[PDB]
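Here the structure comes first, spelled out in structure tokens, and everything after it is commentary.
Note: hydrogens, waters and symmetry copies are ignored here, and every other heavy atom, side chains too, is used. In the text below, chain A, chain B and the rest are named by the order of the sequence lines, each starting its count at 1.
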2 protein chains.
Amino acid sequence: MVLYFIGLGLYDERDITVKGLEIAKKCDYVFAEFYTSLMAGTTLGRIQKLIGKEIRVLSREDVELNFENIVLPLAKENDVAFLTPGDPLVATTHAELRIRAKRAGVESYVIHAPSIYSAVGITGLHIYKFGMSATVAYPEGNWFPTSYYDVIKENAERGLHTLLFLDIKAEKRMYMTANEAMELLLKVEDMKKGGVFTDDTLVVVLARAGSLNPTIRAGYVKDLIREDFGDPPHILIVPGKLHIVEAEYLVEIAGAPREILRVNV
Amino acid sequence: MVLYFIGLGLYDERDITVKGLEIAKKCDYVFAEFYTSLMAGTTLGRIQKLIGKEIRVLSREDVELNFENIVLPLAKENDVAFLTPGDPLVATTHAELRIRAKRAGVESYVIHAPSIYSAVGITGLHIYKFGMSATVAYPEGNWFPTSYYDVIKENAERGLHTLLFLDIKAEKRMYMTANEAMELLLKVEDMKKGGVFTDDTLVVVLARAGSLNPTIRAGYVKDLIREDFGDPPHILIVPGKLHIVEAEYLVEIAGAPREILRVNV
Ligand SMILES: Nc1ncnc2c1ncn2[C@@H]1O[C@H](CSCC[C@H](N)C(=O)O)[C@@H](O)[C@H]1O
């Protein structure tokens with residue numbers, strides 16, 4: 001009579017922790033959602049095969065409006081698992097689902113998995129130096145989101161790095177590329193003119209973290225804006241002031257222009 | 001010819017990912033370090049038994065000073081693994097180790113695992129709202145470090161949460177407790193008087209993240225400073241102003257006083 005929130009990790013079915021797998025294998029019912037992120041290296045069947053169970057996939061509406069009608073009822077007489085990409089409680093509104101479980105008299109446990117939030121460490125940028133995070137959302141109709149531009153500004157101002165999650169329209173199979181994010185940001189700079197994001201801004205692109213060969217690229221917007229970083233998902237990072245070793249890693253591992261080695265302390 | 005940076009995850013031997021375990025099992029040599037952090041819910045013996053390989057433990061000096069003489073030589077003609085608690089490359093100086101590998105003509109791949117940077121999402125605090133992170137260090141002799149106090153100040157000022165890592169002396173196996181961290185901060189506040197950390201400050205304590213039964217507590221310093229949060233490791237967080245949903249989580253899941261619903265929102 002329990003509910004397990006189990007993260008599946010970054011790229012494929014093997015990114016789940018051993019703990020998550022052994023527990024998932026023994027659950028009576030297994031649900032999952034794949035709209036909060038993209039696991040570009042696996043498939044549902046591959047996942048079902050590994051866990052050895054049938055997985056009922058839920059839409060954003062099933063979860064947000066009917067979690068307590070579809071999932072919680074079964075958790076009262078059985079052990080239920082709710083699988084999600086990355087870590088189940090990161091950059092999502094899933095934490096509130098634990099409140100729903102509590103109110104329905106269901107105990108819940110959380111099994112973590114690798115998250116893009118810590119995976120950014122592979123960019124060479126010190127993780128403690130990351131400031132507030134944000135999401136670049138697709139404009140819709142006459143609505144053009146821009147708050148993420150202010151986040152970058154506020155962080156950069158403090159010498160902190162900015163992690164930018166990119167938009168996703170799962171039902172439309174749409175995954176915002178770093179290129180599209182850069183285009184949108186230049187447009188916002190054009191509007192606000194704060195000098196926050198321009199053709200000369202240094203950025204870092206991390207694509208398909210979790211795979212053995214992710215694409216890690218660093219450089220000026222003017223040079224990367226049209227570069228092909230491979231299939232999604234992508235995340236964009238706008239570094240703040242760099243430490244010598246961060247610059248060195250970006251140049252040696254991410255192919256950044258050797259000129260960034262010369263930091264303006 | 002290949003070096004694998006493999007994370008062991010948060011708490012015990014089952015926190016490594018399926019991908020990480022399988023890769024580690026195919027490596028000719030396996031190294032590990034436990035000075036950046038320790039796996040409090042397991043032992044080297046249990047990790048060794050699970051991986052089915054003997055594990056050579058390296059000290060901080062072994063890694064920082066001689067990584068290229070101890071680990072890289074073997075990586076030239078064998079598959080080598082380097083295990084670390086949490087997610088690889090999160091520890092500040094680890095990213096640079098990949099540069100050493102490149103310089104030695106050794107290929108390196110990163111296998112991610114759960115990190116406290118993302119696991120703190122279990123506190124119900126929105127991940128995007130976290131600002132710069134810091135480590136609370138013990139004062140020693142004539143040295144009284146307080147930069148972590150300024151980090152909290154700058155974050156809270158902008159409505160951001162502050163993740164605080166607590167001092168650890170791996171070799172001596174001694175952990176700074178959340179209780180001690182609070183005492184130090186109150187002491188730092190008495191000196192700087194910036195109105196950053198007082199008896200009325202709301203804090204969150206996370207202990208044994210990764211275990212199936214972690215300790216998650218939220219409340220004011222005056223009530224938690226002498227509370228028993230259990231065995232280490234402990235993580236201290238000083239939230240900025242809360243979203244009502246964050247406050248509700250803290251009350252319903254972390255036993256926070258209902259008072260935060262009006263005071264810290
Ligand atoms: N493997 C990966 N590589 C690059 N970006 C990724 C990624 N996985 C997730 N993301 C980024 O994060 C967004 C989803 S946000 C949800 C994050 C998830 N709970 C976690 O713990 O990672 C995506 O739209 C994308 O921009």
Rounded at 0.5 Å granularity, tell me how far [atom1] in [X] sits from [atom2] in [Y].
{"X": "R158(B)", "Y": "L160(A)", "atom1": "CZ", "atom2": "CG", "result": "8.5 Å"}
{"X": "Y249(B)", "Y": "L89(A)", "atom1": "OH", "atom2": "CG", "result": "6.0 Å"}
{"X": "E22(A)", "Y": "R14(B)", "atom1": "CD", "atom2": "CZ", "result": "5.0 Å"}
{"X": "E96(B)", "Y": "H243(A)", "atom1": "CD", "atom2": "NE2", "result": "14.0 Å"}
{"X": "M132(B)", "Y": "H161(A)", "atom1": "CE", "atom2": "NE2", "result": "9.0 Å"}
{"X": "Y117(B)", "Y": "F130(A)", "atom1": "OH", "atom2": "CZ", "result": "10.0 Å"}

Go through [options] and name the one with the most non-hydrogen pairs under 4.5 angstrom from chain A.
{"options": "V251(B), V245(B), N155(B)", "result": "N155(B)"}
{"options": "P88(B), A95(B), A91(B), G20(B)", "result": "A95(B)"}
{"options": "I99(B), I111(B), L125(B), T135(B)", "result": "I99(B)"}
{"options": "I116(B), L212(B), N213(B)", "result": "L212(B)"}
{"options": "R103(B), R98(B), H126(B)", "result": "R98(B)"}

Contact winner vs chain B - [options], heavy-atom pairs under 4.5 Å:
{"options": "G9(A), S108(A), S118(A)", "value": "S118(A)"}
{"options": "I253(A), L21(A), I122(A)", "value": "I122(A)"}
{"options": "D12(A), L163(A), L50(A), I23(A)", "value": "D12(A)"}
{"options": "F5(A), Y4(A), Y109(A), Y11(A)", "value": "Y109(A)"}
{"options": "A113(A), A134(A), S115(A), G124(A)", "value": "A113(A)"}
{"options": "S211(A), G210(A), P214(A)", "value": "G210(A)"}

Please flag which part of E154(B) lies under 4.5 Å from any non-hydrogen atom of chain A: side chain, backbone, both or neither.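 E154(B) touches chain A through backbone and side-chain heavy atoms alike.
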Chain A heavy atoms under 4.5 Å from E13(B): which part of the residue, side chain, backbone, both or neither?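 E13(B) has no heavy atom closer than 4.5 Å to chain A.
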Please determine whether the number of non-hydrogen atoms from other residues, nucleotides or ligands lying under 6.0 Å from atom [atom1] of [X] exceeds 12.
{"X": "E107(A)", "atom1": "CD", "value": "no"}
{"X": "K53(A)", "atom1": "NZ", "value": "yes"}
{"X": "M1(B)", "atom1": "CE", "value": "yes"}
{"X": "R258(A)", "atom1": "CZ", "value": "no"}

Can you tell me which portion of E246(A) sits under 4.5 Å from chain B's heavy atoms? Options are side chain, backbone, both or neither.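 No part of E246(A) comes within 4.5 Å of chain B.
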Any donor and acceptor pair, going by atom type alone, linking the side chain of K102(B) with main-chain N or O of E252(A) inside 3.5 Å?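 Yes; at least one donor-acceptor contact below 3.5 Å.
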Taking all non-hydrogen atoms of both residues, which atom of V90(B) and which atom of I127(A) are closest, and how far apart?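 In this case the closest contact between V90(B) and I127(A) is O-CG2, 3.5 Å.
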What's the shortest heavy-atom distance between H112(B) and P114(A), and which atoms?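 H112(B) and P114(A) have their closest heavy atoms at CB-CB, 3.7 Å.
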Among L10(A), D15(A), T17(A), find the one that has a side chain to side chain contact (heavy atoms under 4.5 Å, CB included) with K19(B).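 Of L10(A), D15(A), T17(A), side chain to side chain contact (heavy atoms under 4.5 Å, CB included) with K19(B) is met by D15(A) alone.
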